Every structure is written in structure tokens, then in C-alpha cells.
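Below is one structure; the comments refer to it alone.
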DNA sequence: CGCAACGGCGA
DNA sequence: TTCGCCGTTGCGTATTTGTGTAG
RNA sequence: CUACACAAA
Ligand SMILES: [Mg+2]
Ligand SMILES: [Zn+2]
Ligand SMILES: [Zn+2]
Ligand SMILES: [Zn+2]
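Protein chains in written order, with UniProt numbering: chain H, 1 to 205; chain U, 1291 to 1441; chain X, 2 to 81; chain D, 800 to 938, 950 to 1045; chain F, 208 to 219, 223 to 256; chain C, 760 to 1062; chain R, 39 to 147; chain B, 1096 to 1242; chain Z, 405 to 528, 533 to 552; chain V, 1 to 212, 225 to 274, 296 to 607.
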């Protein structure tokens, strides 16, 4: 089921992002009952730069994913705590991604907190180990210095590169922000694997 | 032994615990793009075009050209008008040459579009000749050589 | 009467012979084209000298084989 | 074959000499098929019973080409007359038929012959070629008719019929002597199209032990994919 | 098409399920012909 | 499918009864062309032939519209001076065809080491004639190339429906053919053992493989030994691996050092002659090459 | 009230550019002429030999095309190849100037 | 003699009324042109023509030809010379023989450039201008090697 | 029951010359004889009284609309319906559809002439199912 | 002043307003008369100032004789403003976005700031904007309803009080709009809505309306504009007389039919397969080109095309006379149009005029810089093309072989060259043009020669080879056994196999007349020139025929070692 | 004939 | 209030060749 | 020039 896969792979996502957990991994039954009762499950992780990443796993039928008022209240209360808050990851069912009320709430909360990154993702983005999918080539983020020297050698601007959405599943698991560069090792049936660099653009939704 | 289904539900198959979720192959490019990304979608485009091509198909680099053209923006664009609008919004002359010249011209006029002259259709529609092929590199005269040799 | 900087692209109908002496031929051609005629709100009396030019690019949009060359030059003009 | 059986040259009309027809071909010699069908009880057969050798002969009949006997062409095989017409109206009293006067004129044609004209028309039986002027119409503004075709023609018939207002016009008939040329399309009754690629003299054409030689040499490779066994059985 | 005959067409999506076209000729070949169309819509109306 | 009952309710032709069960009623022709079909058999054959003619007639328009749309969507893709494919200035490919090669300059050669097991890889390619670690690292390089090829194309197998791994690839240069020709034209015969010659040949093949990605740049940067971009290093992977397979020590024992130098320069020349030209309208080439099989895909639709 | 001026009045033509020639040791393009480049060189040279007549070919040819082909093959062509790499938007045209007489000539035959 | 016996016999053959003398056509560099586009007329009937269509231009472009696209589509077609002011981007009025050097836009600051075009493209731009769409041609900037 | 087979000749009719020219004649006549003469009678009864005009006055109004501007356009209209074949032809400042389809008798040979006179034309896309199905050899064709 | 060489780098598209038309126009159209004698009426729509379509007069504006004159526009000062037909939807969108009393944007402008600029105004016009209260002037916005009859009439349904929004009223409403509103709506400064109402339209150059049906529409519009009073003024709710209303409607409908009708419009020449773009711009009609039926010629090389001599004397090659080629060009000049090879025209450098050779008896002097147009000769390069041109090889360059037989009018080609063009000899016709320019000839020889298309760009494999007669002939020649015994020939027939090969024949001096040579021996003698290694089973050996037949062991395995056909037959596979 | 904006009115 | 729906408009439907016929 | 018709590949 979506909840079980989410529970088993969200910590794989957190560890793949090179983050350490701040709480104890509760049992699956406790996680699902907390989602049903509270309406969401919160996971807090610490990045290598001591930033805080909050992963909110919203239940399908919860009150936070169909009424914009509760979503606004939750986001405001969670963004007012004394934490560094490098990024907020909100995980919802795919239909919630089309709700203009919740999307507008996310937009205004992002505008009100420009420093903080807030992203809303569907369930399927964390229901599998995305980097281990066979069809997905190995994505990797390159530093701005390596990208700058690549662009200088190629006489290119970042806007001349092929683009990749920040909401791309491999980019999400990488953690790439818009304006960054991601190097991709794609298999080639002409040259037996090739390397490409894509510019990360604004995330869809 | 594997299972070949009718209909694509990649997410549903990943949720299922009786099939390998890391080797799910779906014939649909939209599901692959939504579930896996633009690189997997480009590989899916290559595979689907190759399947359509048949036994006597073209070289693989032409399928690569198709798939890289359609996925260059990070989203799967088409070979229709909408794909040209997404990939070359400012190429008013090429989009006019494709189809609907009056509508493209009207939108260009109200949009104050600036059309750099590149490619094939844009230089051709202005009576010029594309800067490709024998005219990609421009020739300059060797002044030193002519001065020291062609007295 | 004062010096004014002008920008123009010439046309070189014999690029091979022109490049044997680019400076002399360029001055001759500039004096021929811009001798005592109005050009850009100025009468330009005579060419003082070329201050910047281009390689003799071969014309690309026709099969003539001719070259053009851009030349930015100084000259004395008669404004009134 | 249904398509090709209707473009076949032959006796396109039995009253052709009284018709001023355009782009019409009258083939002199027609034969009943040696293996006829019931269609020839009701329509005239167009074509000839050519002797056809199904063989490779120098590779000149590959990919639907046919090698023809130059002698068979010379003897009248598929030879005929091609017909064109030139109908020019007189409009009103302003225009008339006559040789333009070069001194006055208004718009005399440059490079045109303007000779070979009697009473405004080239006489019957006179060869006309390219820039020659046929039917001299003058209004004096020159409105003459130039020949134009790269193939010379012989004026076959000239008349001045009365239009449906008791007004005269032109309608001269031009005649072309059309032998079987290299590049002329031939076909069998089974639908096997062919372009005449090579014409060989009688001494260059293959012959059987008893002296039989073909009119056409047809590549055997035209058969296996096209399955035109009816032609094979008919032979 | 033959006249005085009904042409039932499962034509296709535009809220119309099926149509029946009948062209009626008073009895000759040159008399004025009036065509009736009997639609069956998705809404249920005939 | 067979002849559908189009004549009436349950009837295929006026010659066959309603709900006929015999095979001939639904388009089974028991006669050959030489025997001559009967009237209903000829009607069924005419149905088939007319269907083929209609297919040929309408596929032209459908494929022509598709081809024009593809041409206009792809025509702006032009190879630039880096051999990338770009629209104006925006990149479409980092390297054309991901190897930067002209489609007219490719040969299908076999990679011997792909299907070889671990033992037969040692037996055929591990050279034991000089107790040196150079040949140990050469065999390690060969084994690692084989493993990388296997991993990549096994993954390609995994994310495809029925795209099987093959050991044959299209490469600009057939190194095996060049080696064979130089062997044939060699004046000498079986070379005597020469450790210095063998070591020098191995070292020069290793240097040639290391400098192989410089065919994509020039001889100036090769002389200056400037850094090679990662994508250019990947583009030369297949040819590097083939050169290591075919110019291995075990297969170049009878090759003299100057013969191997000639081999390497011939390989480099052939590689240089195979690269796609600057300014090639490769989008139009792709549109044509993919539109041509679309006509045959339409023509084969009824199968 | 607003009265729209003509487009030409609000149109600034362009900034003139300065040719930035990449140094010889920094050129990254191919030292081998492309077939397009060699063909264009021979075509330009042959047309110029049609308008001029002066050549450095010891062997005499009766066709400008033959003279131009031999000049390219014998490394005596009086032309240069300029490969425009980048157009910097500060007003710089970055090019690589290549000498065909020192370049690798493609097959062309 | 051939080693194989050859199948030879009377097969009824038909001469299809497609004559190469009618089908063949060759035109020189001159003839009647269209009044509007300035291109040759259409085909043999009009005594001038034969069309290099869209697909032929695609094939010549894929070959990277040019200089043949130039010859055919400009020299053997409606190729002409356009004049653009380079200061307003609008077409200018230039005449070398009878000296005219002007543009109806900015007058004293006119820098007329000689732009190779086709009469079809000039007509196309005039038709877009007739629909009240202003077409301004930027023209390539002049480049100078550093002093 | 299945829908109507649009290609079956069960529910098809071939109309040629008789029906076609008859309908064209009806349409042209209603416009070039009845309506001219109606206008003539309206003018006669408007700019002239009644009960005083003789029998010949009616005959003169009758021939006025038919011996003037008539028999040179209806004949012309029928000739235009025969020749050409464009959809609409001009008949007295009003166009009507040309319901008769004709082709030139191309005398390539006698067989071509007979076949042209024996051709059934179906004068009305290319990638629909209808476009494919209506070009097929239908099962109702044999013998007809 | 030597207009320098220039190239167009970019093209900008903008809405043309009254100021643009006034500035660009070379005249103002005042009188509706067409002609004044043999010259066009000055002030009319045919005025020579706007170009020349006849050769009887020049342009006045540029003094060019028709061909060099590109045409010039003229202004038509309209007594009543008209809307721009191309931007009726833009006028409608701008109308239901701003208050029709002060030009203020009665819309949540701050709401539309995140949107992309092109969609901003469309979204803003998708809002309610009906009965909305203004801010600057505090007025109620009427409902703008597009007329259902024509394409250009607007109403303001203000609480059921419908009034016509005449283009003068719309012009005032749009003039009250500030540039800040236009910028904040995602439009540009050059896209101000005031441009959408045309006081002075542009009369197109005569170059685009030549011949004395589109001119009828312009003449009608001019003469109907003369009917409107010069100082006609309309304000909101004027209730003008019906006559003026009809005249205004007819003028606006005439402009709409002139630009966007369906006489064909200006904008109806653009679309479709036969429109301006696809027919005149993306394709072209060309001179110096030939077309004829193609037939087969086994004696032509694969890179050779047979050209009838009649076509070789029609198509010409432009040879500029210089010192290095005067002696070679002399025979062409002397032959003239009388004998082949000859010439047709000579371009004089010091005259700038061409002269036909038949009339050039008095010249007899070829100068350096003269251009001689000589006949096509054997060895010239020609472009061969078959339609449809689907592949890269559909246009290839062949060496011309002139067929001096006058009875041949076909384009002869080798049967193996047909694979490039997907051609056969059942009636196919092909275009052939001979490059005459030096540049095009150079590039035809070096770039477009059919040797470059031997390998498919599509499949990366070979395109040409033996077809039909040659495939079965290779099989018959290389098969081991014939029904007569071993497949051997004596020395005379082995020699005769090489008679028409057109290369250097091999040596048979070591073979006696009595000696017997296998077919594989002579094949190897041919293949030794280009030694290759080949080992593959032939097409002849099939497993579907293996249970039957008796396959000869030497026939079912083709092997070539350094050009020696060791064994096996040569057929389709090889 | 199909495809796709669209933009106005029901939700 | 934000979206579906639905008439309602446009756009487009291989290429290159010939011959007619008429308006 | 705008239909339309007949044809070719
Ligand atoms: Mg054919
Ligand atoms: Zn200006
Ligand atoms: Zn002019
Ligand atoms: Zn207000």
C-alpha cells in the first residue's frame, strides 16, 4: 500500500539526502494510527550544514489536505518554531496536487518565508527508492564551481543547457534547488553511456 | 516468466509487493515521465520510437535526436504546434511556416516578439539562406598570405 | 569643421587584389565613396584615416565570391 | 490493366479525319489478340501481337524497362499520328486574320518567323517549328499565335468555322508523326508496364534456331513479384 | 442513396447516440424531397 | 481476419448461403494462380488487392503530414563547433548521437570479451609471456571494460521490453580489420620474442587510448595535454574498449612497433574522418530517417 | 492622452561588436577541415579565380575549380576559416581563426 | 547460343499514350515570370517553370549544400536585393545609377545595407505590413578587430 | 440490427443524364421563365389597370418577359450545367448549385470512351475509416 | 554611396499604428480615379510613387524598372477611424479590462503579477468586469458584448442600455490608458491599445497587388471613404444618422475584407499548401532545369547520368573567360549554336549586357571577365532528383554523359543508381539541373556527389548493389556447377566478361585458349583490385529448401579472402 | 473530416 | 470561486509532373 | 489567376 511503502522509503530518502534523524523511528502501526488521528506524520532531519528538514506525510482523508485554513495554520505554526528550517517537504496524495486552495496556501507561505524552501510532493515520489529504479540514470549534483568551469570551457550560459525540473523524482531525491546543475550518466546504445549536465529550473507545483 | 498487462499503472505496480518495483517497464511515456523523470522519459521515447520503426529501422542517433528534442526543456514536448511553441516561442517565422501563419503573426505582433534569424525556416522566410552546411563557417581572406605571395 | 567617427561596411569586388594592400585600398575606397557628400548629418570633407576595421569576410548570402569588410574611420566634416 | 487498357493507343475514333481533336493519338496498325477475350466482341482491340522474349539481354530491361526492335519500330509497330489543335477566336471587328505588316505593327514577336503565312494562315502541309507563327491575327496591335512546341509539326488541316454568333475563328489542326520512341510506355494486357529503354537493330536482336526474334525483350524479373501469370499463359 | 428508405447511422460523442435519416420523394425522381432526421440523444430525448 | 459477412446478415457473398460454415465462404482460396481462381475466389482476391491499393494510397498522406511536422519540429537542430546539437544556442544534445559520429561512417563489429566467462577471458586475453604488472593491469582494464559494458547493457535490457544485450556495436573504426590487413601486408612473419618491443607496444596502445578523446578536440590540445571534458571521455569509451580488445598483447605479438604505430595512426585518421561535421542539419536527417520507416509501419498496419 | 510613436523611433539598432580572436593554443575546434568547410573554401577560391586570375599553381589548369582544388590540396589557398564560437552580450564576437594551409584536408574525393 | 532455352512467343502488347516527347521539358535561365512573386511561371504549358519544392529544399539542406539553394532559389528564381536602413530596421530607398539614398524613417541618420533576399520574401513582408504588423529587420552588427 | 451499410448497393441508386439534366432543367426553368414572367405580370398589373386590358395585353406581357432577356440565358445556363462542372453558376443575378456532374469525353480509344460512359461516379478526409471503407470492393458489387 | 553588405540578424514584430503608416508612406491617397492616360493617376491607388508593375514607367520613389523596384507604401487618411482587423480580439480584451471613462484598469492588477506577460491580459479579461465600480472616476463598467453579425462592432450593454462603441469612441477610451497600465498588463510600450484604432491605414505597395481583384477592394474603400465628411465626430450615445452608420459599417467591413476575408485577402495568401509561405518561400520555381522520363542504361556508371543532347544545348554552364581557360572556351565560342559543343550567350564585361551568339558575328573577341554560356558536355556535374524527395539521397550529383543520339530524350541511369531515388523504369520522371555557377559546381562535385550517399544516413548500411539481372547473374557466374557440368569458360569468354567492365582489363597471357576458367576465378580477378575479406552464407542456401534440392557444398558458403572468391555463390546477401 | 484553443456559462 | 463543458470557430490533412474545360 | 475534370510516378 502507499502508506507502507511511504513509511519504508521515506527514511531511505532521508538517508540518501545525507541527513540524520532527530527523533526515533516509530513502528509502522504507530505511524499509521498517528496519520489517521493527527492527520499527518512529521519527520525532522538534520542536514550536514545543521539545517532542519521537516517531512510532513499527510493522510489521504486528513483535514489538512482539503481545507486551506488548517493547512495555513499548520504551515504558520511549523514555520514559527526556533529551527533553522532548510527545507519543508509536504507529501500529499496526487489529487491534492490539483487543489488550488492548498496550492495557493503553499504559494503564500513560500512568499511569506522566502528563506525557507517549501515543496509539496505526491505519494509516488517516496514510495520507491528512486535512485535504484533501473530506468532512471544516475543523477548527481555538481558544485557551482565545477559547473562554472564546464560552462566556461563550453562558452555556454546556464540557460543554454537542457533543463530539468526541481520536482523531477531523481532531482528531488538529490535535493537539487533551482539554479543548480545535475550531471546525468545516461546509458547509450550508440556510445555505451554518455554524460550530460542539466540546469535545474523551478519545481512544478 | 513475467506479466505483460494492458494499461499502465506504474505507481500501482510499485505498490504491489509481488512484482519487482525497480524493473517496471511501461509502454507509456507520460506515466514514465510522471513517475521517473525526464531522463527515463527520454529513454522511453527512444524505446517506443524504436518499437514503431520495426526491423529495418534507422540508426539509433536519429531516435536519440527525436528523444532529446522532445525532452530538452525538462518536460516531454510534442512535434505539433504546441511543442514548437514550448521549444521555440520566439521563432515566429518557423511557427508561421509550420501552420496557422495568421494566428502566429497576430500573437507575434501583440507580443512584440523578437525573432533571431537561425535554423532553416526563419532565414528562408526572409529570403536569406540558412547558416548551415557549407556556409556554417565564414571565410575571411588571408591578408598576410596574399600580401606576401600575391604581389 | 571637426573630426567625426563614421561606421560603414564596404563592398570588395576583387577581394584577392584588395588584400594585397588593405590599408591603401581601404583609404582609396573610403575617399571614393565619401568624398564631399552628406553622410549622417555631416558633409565629410576627406578621410582622415581608418581607426578600426574587420577581416575581409566573404559574402555568404550570394555566390558572387565578393567580400565586404566593416571599417570604422575618422574624417573631417563640415557642419553648418 | 483496367487502367492501362484505357490509355492504349489505337483507332481512337473511326471518324478521326473529320475531327479537330487535341492530344489525340491515332495508331495505324491494330491487331486482334492471338488470345482474345469477350471484350473484343464489343470493343476494338488496341495494340499488337508483339513477339516477346522473356530473357536477360545486357541488363537494359531491368526494373520495368523493355528492349525494343528498332526494325519493329521502323516497320510501323505502334507508330501513329499525334494530333494537336489551335483554335483562336476573332473577338470582334477589331481583330482580323492576315499577315502583320512589320512597318506599322505594335507588338511584333521577336525571333518569330511570321513567314509561311498565306491569307493569315500557314498552308496545309507546311512544317512549323518552335518560333514559327501560325495563324496571324492582327487588331496595328500584333496578336499572332506562336507555335512554341519543341517538336516540329505539319499543318494537317485549316478551316474558318462560324462560331455560335456567325463569327469566324481559327482551329487549325497540327499533325505529329509519332513512332515508338525510346522512353515510350508499353504494357501488356496483364498490367505489366514498361518503358522502352533500348532499341536494337535486327542484327543485334537475339534469334531462335529457326530465325524467330522478338519485338520486345521483357525482363523475367517483372513476373515473380507481380504474379502476372495470365501474360505467361497467353504467350 | 435510395430514397424513401431509412439510413440508421451509429455516427460518431456529440451528445447524439444514433440518428435516422429518411428522405421522402412524393413518387417521382424530380419531385421535391424533404429529409427528416430522427436523433436519439445521450440525454434520452428522441 | 477472414472475409467478414458484409453482403447481408451472415452472408459474405451472393454465392454463399447465410451462416455458411465452409472455409471457402470466408476467403479461403484452394486454387493457385496457375490453376486459375474461380469467381468468388477472384472476388476475395480483388478485395485483398483493393485493400492493399487503398493502404498504399492513404499511407502517403498520413506519413507526409507526419514527416512535415517532424521536419519542422527538428529542423532547427544543427551541429555546432563543439559537435553538440543546439537550437540557436540552447543545447539539445551534449554530443551528437552521444558519440559525435556521422551515421554514414559506422561499421558493426563484435566485442569478443562480452560473452566470455572469467576463465576464458584469462585464456584468450591474459598475456603470460613477460612477468610484469603492466600486463596484469592490462587484463584488469579488459575485464573492467567487459564488466562495464555488461552492467550498462543489462540495465538497458532491464528498462526495455525485449531489447536484448548484444556484443555487436556500430563503431567508427573496425580495429580488427585494420590489424588483419596490417598482418596480411606484413613482409615479415612470426616475430621472435622481444620483451622491449612488447612493452613498448603495450605502452603506446595505452597512451593512444588515453589520448583518444582528443579526436573530438584537436591535435593542439592533445599536444598541450589540456583537460578533457567528462562527456568527451565517455564518447570515446566504446572505441577505447574496442582498441583494447583488438590491440591487446595476445593479438599483437607478431605486430612490429612501427607496424603498430601505423595501425594507431590509421585508427586515429579513420576516427577523425567519422565525426559529424560542424553545421550539419542533423535534425532534418533524423526527421527523414525516422519518417521513412513510418510509411512501412502504416503499410504493415493490417498485420 | 497617449499617442503611440512609431516603432522606428523606439528602436536602437545594435551595439557594434569587437572581434575576439581566441589564441592559437586555446582553440578547441577540429584542426581538420570539415567537408562543408573544405567545400566552401574551394568554392570561394574558384569563384575568386573566376573574377580574378592570379594563382600560385605552377601546373596550369584550365578550370577555376581545378586550380582551387589543387590550391587546397597543395596548401596554397589564400583564405582563412573563421569559426564563430560565442556572441558575448557585452559586444564581443568570440571566434577561432583556422589556417586551411595548416589544417587536415578531408577526403573530398 | 545461350546455354538456356529462352521463352519467346507472341504476347499482345499495348502502347500507353504517355509520350516522352510530350513529357520531356527543358528550360533555360530566362522566360515568363510571375508578376507578384517574380518567380518563374509554372511548368511547360507556361513556357517556364519546374518547382524545387519544400522537400527538395529539405534534402538540399540535409546535404548541407547551400550555394545550390542559393543558385536555384535566388539566381534561377526571384532572388533580388533588399535595402534596410540599419538605423530603423525598415526597408530603404537606394539607387546607385540615379543617386537615391534615403529611408522614409530617420532621414539624415540613414545607413542603408545591401541585403540579399527574394522577391517572394519582400512581398511576404509587404503583406505582413499591409496587415498592420510592422516588420523591423535588426541586421547583423558590424564587427571590428581591435585596433 | 446493424446500422445502415453506407457502402452497400442495396440502398444506392445511379442517376445519370435523365434525372440529372431533368433536375437542372427544373431548377433553371423555375428561375429563368416562371420568375421573369411573374415579375412581368406584376409590373403589368401595377402600372396598368384591370378589366380594361384586352386578351392581347396579357399576351404582350407574357412575351415581354420571355422574348426579351430569355432563351439566351436559360439555354446558356443549361450549357454551363453540361460543360465545366463548378458547383454554382450564375442565373439572373442569383447563383444556384450545379447539380449535374459531367466529365469531358476523352477519346483515348473506344474502350476508354465506353468505360467513361459506363463509369459510376460518387461525387460528394482521407485518413478516416469511411475513406478506407468506401474505396473497398463491397460484397454487393459482384455482377453490378 | 555603396550600400554595404548586410545580413538580417533578428526580426521584430509589432503592431503598426497611424504614426508608422504616416512615416513609412510615400504618398497620401486622395483621388479614386485609376489612370491618367497611359500613366497612373497621381494620388490614386496605382500611383507610380508606390512602385511600378509595368515596364512603361519607373517608380519615381526609387527610379527602378519594375524588377529592381520592391514597392513602397502609401497612406490613406481615413475620415473615420477603423479598428485593426487583425487585433479585434485584442481590442475586445482591452475593452473589458479598463474603465471606459478615465482609462483606469478596473481589475485586481496586483493579482496578475506572477503570470507570464502574454497571458496576463487574457487572464485579466477573463475576469468579471461587469458592473464593477471604478476608482479614479468611480463609474460602473458596462458589459462589452461582441456583435453577432460582423467581426468588428462592439456594444456597451450598460444596464440594458446598448450603445454602439464606434472606433472613434474606442480610440478615445484607449487613449486614456496610461503606459503603466499597459506594462502592468503584460503588454509592451509598442503594444499600447491606442494603436488598435487606425486613423490612417496603409495602402500596400503595387508590387503586391499587380495587374490592371484586390485593387477593386482598395478602390471601393477609397471611394467610400470620400463619402464620409472630413470632420465627422462621434461621442458616446451620439445616435448618428443611419446613412453615416451604413457608410461607416461598409468602410470597416471593406477594410476587414481587404485584410482577413474568406477577392482573396492579404492574409489569405499566407496559409495553406499553395499560399505565400509554403509555395513561394519554402519552395521555389527555378530556371535552368530539365525533366524527362528515366530509362535504364547498363553502360553508365552508377555516378553517371545520360543526358540527351537536345537538353545539353538548352541548359548552359556559365564559364567566366580568363587567361587560363580562353583556349578551352574558344571552341565553344566558335561552334556557337550551330554545332555541339557550343554556346548560347556571352556576357560582355565592358557593356554589362548579354548577347546571343547567333547575333554576335561582329564581336568575335572574348575578353577576360566575359561570361560565356556554353553547352553541357560529358563530365559535367548535374543534380538528379526524383519526387517525392524523402531521403538524403533523393537529390544526388551525377557526372553528365551526353547522349548524342537525337532520337533519345530520356534521362538514362544505371539500374543500381535507382536505390538512391527509390526509382524504377515504369514511367518515372526525374528532375535534372546542371549547376552553372562556379560555387554550385564546386559543391555539387565535392559535397553532393552520389558517392556520399552510397552509405545510408538512415540505416548506416549500403544503399546500392546488384539488383535483379545482376544478382541472378552473379549467382549464375559464381555457381559451381551448371547443367552442362562445371561452370567454366575458355579464355576467350573469360576475356569477354571484362569487355564492358570499362576498367583496366586483367592479364590472360598465362591462359591458353584450351584452358578453362571458373566463374570464381574471373570474379576474383575482378575483386583483386580492392581486396576484402568476406565470409557469409548466400541467400541461395536456405533451410526451407534444404530438405529438397541437392545443395552443392561449394555453393552454400561464400568466402572471399583478400579478393579471392574461394568458394560459394555471390547473390543478394553478398 | 479531425484537432485544438476558447471563452462564456454552468458548476 | 475555480474548473469542466460545449458549441464555435479557426487550422490542417505527401510531393512533383502533365493535359484539358470554363469563369 | 480561380474552379473543375482526366491522367503519371
Ligand atoms: Mg515507377
Ligand atoms: Zn531609417
Ligand atoms: Zn520603387
Ligand atoms: Zn474610471
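Just so you know, even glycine gets a beta-carbon here, dropped at the ideal spot from N, CA and C.
Note that the C-beta distance between residue 81(V) and residue 171(V) is below 8 Å. Counting only beta-carbon distances shorter than 6 Å to the non-hydrogen atoms of ligand 1, the qualifying residues in chain order are 457(V), 459(V), 460(V), 461(V). Not one beta carbon of chain C lies nearer than 8 Å to the beta carbon of residue 1002(D). Nearest neighbour of residue 1357(U) by Cα position, chosen from 1027(C), 836(C), 924(C), turns out to be 836(C). Within chain B, the residues 1110, 1111, 1113, 1114, 1115, 1116 have their CB atoms less than 9 Å from the CB of residue 994(D), given in chain order.
For residue 46(R), the Cβ falls inside the 7 Å cut-off from some heavy atom of ligand 2. Between ligand 2 and the CB of residue 1205(B), the shortest heavy atom gap is smaller than 7 Å. Residue 57(R) does not reach chain V, its nearest Cβ partner there being about 16 Å away, counting only Cβ pairs nearer than 8 Å. Residue pairing by DSSP places residue 341(V) opposite 436(V) in a beta bridge. The beta strand (DSSP E) runs lying completely inside the region 1124-1159 of chain B and spanning 3 residues or more number zero.
In this structure the region 61-78 of chain R does not lie against the region 374-389 of chain V, because fewer than three pairs of beta carbons, one per stretch, are closer than 8 Å. Taking a Cβ-Cβ threshold of 8 Å, the residues of chain R close to residue 178(V) are 40, in chain order.
Using a CB distance cut-off of 8 Å, residue 42(X) does not count as an interface residue toward chain V. Residue 1211(B) sits away from residue 64(X), with the two beta carbons spaced by 8 Å or more.
In the structure shown, residue 229(V) falls within a helical segment according to DSSP collapsed to helix, strand and coil. Contact between the region 902-921 of chain C and the region 1304-1319 of chain U is present, with at least three C-beta pairs closer than 8 Å. Interface flag for residue 48(X) against chain V is unset, since no Cβ pair is found closer than 8 Å.
By the Cβ neighbour-count rule, residue 1098(B) is exposed, with fewer than 16 other Cβ atoms within 10 Å of its own. The beta carbon of residue 924(D) sits closer than 7 Å to the beta carbons of 964, 965 from its chain, once the five residues preceding and following it are set aside; these are given in chain order.
Distances taken from the Cβ of residue 71(V) to the heavy atoms of ligand 3 include one shorter than 7 Å.
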